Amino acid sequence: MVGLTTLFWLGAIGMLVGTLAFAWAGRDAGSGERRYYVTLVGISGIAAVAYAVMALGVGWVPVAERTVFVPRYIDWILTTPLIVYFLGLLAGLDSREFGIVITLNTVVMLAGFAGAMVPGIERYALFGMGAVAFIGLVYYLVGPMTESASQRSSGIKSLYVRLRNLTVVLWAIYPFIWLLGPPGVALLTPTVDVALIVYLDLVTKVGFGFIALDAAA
């Protein structure tokens, strides 16, 4: 499909501009803030690589009567934790709390990946595992991580809240897409499925980064 490839290109391109943009803004940054710029460049860069790889025809593996794009999940497993890290730096979390939110994040990504890789109905069981871990992650986001961020300057306090809403609201859509897309009910075509994910991936990553750069000043 030529349509799947262009959607992948659009993604790689959109991520590229995000990266270059963040790497530029990150250029010349204090020895106590570069961490943000550099993590933002990783979130964007990794995704860009993953998209170009898929655009090029790599990772399109068949499972049952569908095809699963492995580079998407590899990306997710590597990038979502960085997003949570970033959010964590804002909130002012320590190793303890960081550690908790990160693993909870990894379980849902690992479970989603495993789930999409199995042909049998037990895939729903794997999906269900990620579902419960995600509600947990969201709990920590709007809960303890929030109260924890309420101790920063009015500036940081407001940036975190905008980013967590953006995050929580958009991420909650992914599972439903998975459920309706080919991995589950396949009530959604691969192409629409991919178009939707590309958009979400872009906003929750590059959209995320730009909102942060705006705040930087």
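Residue positions are given as counts along the sequence shown, with the first one as 1.
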Residue range whose averaged C-alpha B-factor is higher in the record, 154-162 or 170-178: 154-162
Higher-B stretch (mean Cα B-factor, as the entry records it), 197-205 or 19-27: 19-27
Top Cα B factor in the deposited entry, candidates 53, 70, 149, 47: 149
Highest-ranked of 141, 107, 84, 132 once sorted by CA temperature factor in the record: 141
Assigned third (lowest, middle, highest) for the C-alpha B factor of residue 92: highest
Chain-wide C-alpha B factor ranking for residue 124, given as lowest, middle or highest third: middle
Entry-reported Cα temperature factor of residue 98, expressed as the chain third it lands in: highest
CA B-factor placement of residue 145, once the chain's modelled residues are sorted into thirds: highest
